[PDB]
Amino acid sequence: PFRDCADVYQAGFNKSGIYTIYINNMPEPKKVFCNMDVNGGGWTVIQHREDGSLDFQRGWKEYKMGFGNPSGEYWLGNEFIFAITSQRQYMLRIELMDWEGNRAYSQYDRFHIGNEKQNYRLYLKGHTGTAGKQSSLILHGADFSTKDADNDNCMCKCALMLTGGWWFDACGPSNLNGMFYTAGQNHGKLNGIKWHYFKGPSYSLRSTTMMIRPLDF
């Protein structure tokens, strides 16, 4: 029973696309995009953005259950992210592109997130890549927050200032779920789709993909 796109790959489907996966302890299947091209393939996409067609200003429940479509932009849903990352040890890669043709990535040796009663707190270790030398996600641990669930480390409400659902600190150095600003708009925006150690706190990115695979791939 395919638990993730790593399984899908090892069974010989080497072509990127929509696949269905059967996550342990989850009542129903789930479609995901599998990227089979990137490291040596194997990647379950957990979020993707590229055109702004999908709105990321959603509440806790939509963040939990997922929204959008794996043929385009989407958020896989926290409950599923937790569930997949409970099945084994996963690593996380984050593909990013700016408006001038540049591609960069961040990678994490180890990723998982807590369950809902842990506010889906992020845990990460082992940052490398070309999207900056420091990690733009906090490594040390942050809750997940959205407009209706204020779980950040700030006295202010970060999801309200920056939009979207994210592991905000006192809003920290990233928000890949902010507002999508188009070509030539990407400049001077404070609540865009940002990764501070790549392009900075006021650049809005052209495109993001967050994906996971097991260490033993």
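Throughout, we count residues from 1 along the sequence that is shown.
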Mean Cα B-factor comparison, 171-179 or 24-32, giving the higher one as deposited: 24-32
5-13 versus 197-205 - which carries the larger mean C-alpha B factor in the record: 5-13
Per the PDB entry, maximal CA B factor within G66, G59, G41, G192: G41
Chain third (lowest, middle, highest) by recorded CA B-factor, residue given as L122: lowest
Ranked C-alpha temperature factor of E73 among modelled chain residues, by third: middle
Where the record places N153 (Cα B-factor, split into thirds across the chain): middle
Chain-relative CA temperature factor third for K147: lowest
Assigned third (lowest, middle, highest) for the C-alpha B factor of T85: middle
